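Both counts, for ligands and for their atoms, begin at 1 and track the order of listing. In this chain, numbering begins with 1 at the start of the sequence shown.
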Amino acid sequence: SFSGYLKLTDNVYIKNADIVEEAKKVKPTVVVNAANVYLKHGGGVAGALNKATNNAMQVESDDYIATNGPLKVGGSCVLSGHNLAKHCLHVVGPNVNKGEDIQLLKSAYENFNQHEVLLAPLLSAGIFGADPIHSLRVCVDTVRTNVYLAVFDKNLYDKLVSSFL
Ligand SMILES: CC(=O)c1ccc(OCC(=O)O)cc1
């Protein structure tokens with residue numbers, strides 16, 4: 001079960017951890033992927049989760065895209081969690097480095113509300129280019145279900161906890 005998390009609010013918890021390693025340990029009902037609209041799991045959280053599934057997540061995702069077309073920025077889809085979780089909720093946060101609308105971060109987090117408990121990264125953080133402090137603020141103000149945030153970077157984790165309002 002979820003261990004070593006710091007409680008931020010009634011429903012938001014945070015831990016300095018590799019989300020892939022957290023997923024293998026807990027095998028949560030839902031692990032959130034920091035997806036793009038094409039479900040191309042190239043780098044960041046997506047690349048790491050996909051690599052831990054031995055590329056099964058990418059093969060499954062390519063079949064999903066062939067059938068359904070791309071996701072919307074702010075949107076999501078539920079696919080298999082493979083060896084990591086029961087399900088993977090692929091959530092598309094805005095990628096500021098791709099010139100996408102940061103104002104869509106709240107819509108992206110609203111997807112978490114369809115799941116009672118989730119293991120997740122901070123949306124639009126890392127290679128998506130948004131301010132992770134702002135992403136945690138939107139998470140806390142949008143997500144009402146139990147979210148266990150895994151922040152990979154130790155210095156970022158400390159900065160997020162120490163600056164949390
Ligand atoms: C050994 C094992 O149980 C295993 C499970 C899943 C693996 O990749 C993900 C998938 O195939 O969907 C690889 C290995």
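- Applying the 6.0 Å contact sphere to OH of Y157 captures more than 12 heavy atoms from other residues, nucleotides or ligands.
- A donor-acceptor pair under 3.5 Å links the side-chain atoms of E100 to the main chain of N95, judged by distance alone.
- The shortest heavy-atom contact between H41 and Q58 is N-OE1, 2.9 Å.
- Residue-environment remark: NZ (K98) exceeds the threshold of 12 foreign heavy atoms within 6.0 Å.
- Nearest to atom 8 (O) of ligand 1 among the protein's heavy atoms is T53 O, 3.1 Å.
- In summary, the atoms of ligand 1 found under 4.0 Å from a heavy atom of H82, numbered by their order in the structure, are 9 (C), 10 (C), 12 (O).
- Under the 4.0 Å criterion applied to side-chain N and carboxylate O atoms, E21 and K24 are assigned as salt-bridge partners.
- The protein heavy-atom contact nearest to atom 13 (C) of ligand 1 is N54 CB, 4.6 Å.
- In summary, the atoms of ligand 1 found under 4.0 Å from a heavy atom of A56, numbered by their order in the structure, are 9 (C), 10 (C), 11 (O), 12 (O).
- Within 4.0 Å of atom 1 (C) of ligand 1, not a single protein heavy atom is present.
- Between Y148 and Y5, the ring-plane angle classifies as perpendicular under the 30° and 60° cut-offs.
- Closer than 4.0 Å to atom 10 (C) of ligand 1 lies at least one heavy atom of the protein.
- Nearest to atom 5 (C) of ligand 1 among the protein's heavy atoms is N83 CB, 3.9 Å.
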